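Student: Dropping in the first section of the assembly, placed as in the complex:
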Amino acid sequence: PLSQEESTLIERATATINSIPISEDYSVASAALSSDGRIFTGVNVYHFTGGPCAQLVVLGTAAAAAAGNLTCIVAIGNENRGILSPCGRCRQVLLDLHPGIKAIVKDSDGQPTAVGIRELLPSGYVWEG
Amino acid sequence: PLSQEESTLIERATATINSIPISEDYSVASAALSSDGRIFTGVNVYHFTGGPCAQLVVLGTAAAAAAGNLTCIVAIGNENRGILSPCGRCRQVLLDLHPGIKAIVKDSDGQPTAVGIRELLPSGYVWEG
Amino acid sequence: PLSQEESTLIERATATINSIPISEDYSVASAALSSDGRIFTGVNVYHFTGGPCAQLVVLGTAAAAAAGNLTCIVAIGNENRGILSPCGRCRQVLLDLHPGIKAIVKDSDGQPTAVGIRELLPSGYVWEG
């Protein structure tokens, strides 16, 4: 079910996306929890050349703070869309940079659940053998 | 040239990259100034699928703070490499998302100089739609 | 167990990667089958800003021939690596542009098997517009 740390991430990313002007360029926020308990937030940057999803912005934000390993991450869409699953590219970046991470997604009953990244990319390509 | 604002960007970005462990994944920092005078920082996230350069992380960090227009931006590499010119992808995202921005690059003498983004993408493709 | 049309894909992509110079930039070949019976090939283009995987080159090659809907796709690595699973970015693009497609991956016994793209991106992010 819904733990406190999980709930806090959802709350943090929701507040971030709700606080900013409605935009088609900046339309999703993410929040991640680090091993040491810090939370890092970000929003996406839309671009046809592969502007970062919100989760990638969060990864650079976390790395800028020397956060180390991230344990959980969630993305929240604008306009009351709620939890969005990480896109395939996010999943690959997460698997390669934070193999221990979980992402919050909606389960088969619509309920938020924290899932190991490996389960979100079955038979995953692993970069560098 | 070298007006206090830009000198400060170089300082902030240099401080950011020197404060984190040496890494091949997180190896460049960026700092941008917003129109209202705030500074935003970030580091890159290396990935073969196009992990964001440090400047793209900065864009998403500024956007998360509702910073609006960014007016200047610099990237500083780790291991005392100093100023790095924005890559071509960065130039395109900057042109499209912050067309009034300047990027700090090195001139012929290897001295910091702030250049209009359009001068870094001569005959630039301008994204419509 | 697979079919024999999917077997043809493996053979074609194997022949492709073994017919070019060994390269760190161009290291994977792909082949896809169109509903109209044609086979399209491609090799990856490595770049830190997100050079396309071999599958994405295949998509553009198929599109350039007005192929329509692709039904199956496989990647074969150089250094005699055999089948590589689509990376998470490939999976997202495939889900979004050819939602009916299957990808050939290695099963537990190390043998080629065709899997629906949706199975490779569970709880998938649904790109709209």
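Tutor: Cool, got the structure. Numbering: from 1, shown residues only, chains lettered A, B, ... in the order given.
Student: Please make it C-alpha for all contacts and neighbour counts, starting now.
Tutor: OK.
Student: ok, and the closest non-adjacent residue to residue A:51?
Tutor: Leaving aside its chain neighbours, residue A:51 sits nearest to residue A:45 (5.1 Å; criterion: Cα to Cα, 6 or more residues apart in numbering or on different chains).
Student: Quick check: the one you found vs residue A:34, distance?
Tutor: Taking Cα to Cα, to the nearest Å as the measure, residue A:45 falls 22 Å from residue A:34.
Student: higher neighbour count, these two?
Tutor: Legend: neighbour count by other Cα atoms under 10 Å in any protein chain shown for residue A:45 and residue A:34, higher for residue A:45 (28 against 17).
Student: ok, the more buried one touching residue B:58?
Tutor: No. Applying Cα atoms under 8 Å as the test, residue A:45 and residue B:58 come out as separate, 9.8 Å apart.
Student: can you map out the strands along chain A?
Tutor: For chain A, the strands defined by DSSP state E occupy A:28-34, A:39-43, A:70-77, A:82-84, A:102-106, A:112-116.
Student: residues from chain A in reach of chain C?
Tutor: Applying Cα under 8 Å from any Cα of the partner chain, one finds that chain A approaches chain C through A:50, A:84-92, A:105-107, A:120-125.
Student: would you list every one of the helices in chain A?
Tutor: Along chain A, the stretches classed as helices by DSSP state H are A:4-19, A:54-64, A:88-97, A:117-120.
Student: Mind giving me the ChimeraX select for the residues of chain A next to chain C, buried ones only?
Tutor: What follows is the ChimeraX syntax selecting those of those that are buried according to 16 or more other Cα atoms under 10 Å in any protein chain shown:
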select /A:50,84,85,86,87,88,89,90,91,92,105,106,120,121,123,124,125
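Student: near chain B, from the residues of chain A next to chain C?
Tutor: Restricting the residues of chain A next to chain C to contacts with chain B (Cα under 8 Å from any Cα) yields A:50, A:89.
Student: sequence below should go in as chain D:
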Amino acid sequence: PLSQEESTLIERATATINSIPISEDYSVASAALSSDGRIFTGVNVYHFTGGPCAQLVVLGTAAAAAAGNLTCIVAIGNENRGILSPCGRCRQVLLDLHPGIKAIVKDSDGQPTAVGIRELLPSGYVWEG
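Tutor: That brings us to chain D, laid onto the chains above:
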């Protein structure tokens, strides 16, 4: 001017894009000349994670054929849009993978002109340099 070589690359790219159904996903074609006397074509694959531009599909298609060095490249938009300049990400990939290449862009009078790739990325970021 309009050299026979320029004119042919433009015609090849134009024919390619004009030959496929009008599409928001596949909307630009590219053609490149190789030093070994071949021409390679491709169309873009639009995706928010950074689906390749037409030029990158061309690079993977050239690589698939063991083309080696490409000497000139052009992109042509659908719906009679004519020549499109390479986007900044294309300029970066081209500078890094084919530093000798020229791109066809429009000049001040709207006429086709071939320019060295380095002219399109002044003060260029030099990958692993």
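Student: Contact residues of chain A facing chain D?
Tutor: Checking chain A against chain D by Cα under 8 Å from any Cα, the hits are A:46-52, A:89.
Student: and which of these is nearest residue B:96?
Tutor: Looking at the residues of chain A next to chain D and their distance to residue B:96, the nearest is residue A:47, at 8.3 Å (Cα to Cα).
Student: which residues touch residue A:2?
Tutor: A:112-113 (Cα atoms under 8 Å, 6 or more residues apart in numbering or on different chains).
Student: can you check residue A:87 too?
Tutor: Applying Cα under 8 Å, 6+ apart, we find residue A:87 in contact with C:88-89, C:92, C:124-125.
Student: Kindly recompute the last result at 7 Å.
Tutor: Each residue near residue A:87 by Cα atoms under 7 Å, 6 or more residues apart in numbering or on different chains is listed here: C:92, C:125.
Student: Would you format the residues of chain A next to chain D as a markdown table with distance to residue C:19 included?
Tutor: What follows is the residues of chain A next to chain D, written out as a markdown table (distance: Cα to Cα, whole Å):
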| residue | distance to residue C:19 |
| --- | --- |
| A:46 | 38 |
| A:47 | 35 |
| A:48 | 32 |
| A:49 | 30 |
| A:50 | 31 |
| A:51 | 34 |
| A:52 | 35 |
| A:89 | 29 |
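Student: Can you tell me which of those is nearest chain C?
Tutor: Of all the residues of chain A next to chain D, residue A:89 has the smallest distance to chain C: 3.9 Å, by Cα to the nearest Cα.
Student: Find the nearest non-adjacent residue to the closest one, please.
Tutor: Distances taken as Cα to Cα, 6+ apart put residue C:89 closest to residue A:89, at 3.9 Å, once the chain neighbours are dropped.
Student: Report the contact partners of that neighbour.
Tutor: If you count contacts by Cα under 7 Å, 6+ apart, residue C:89 has them with A:88-89, A:92, B:49, D:49.
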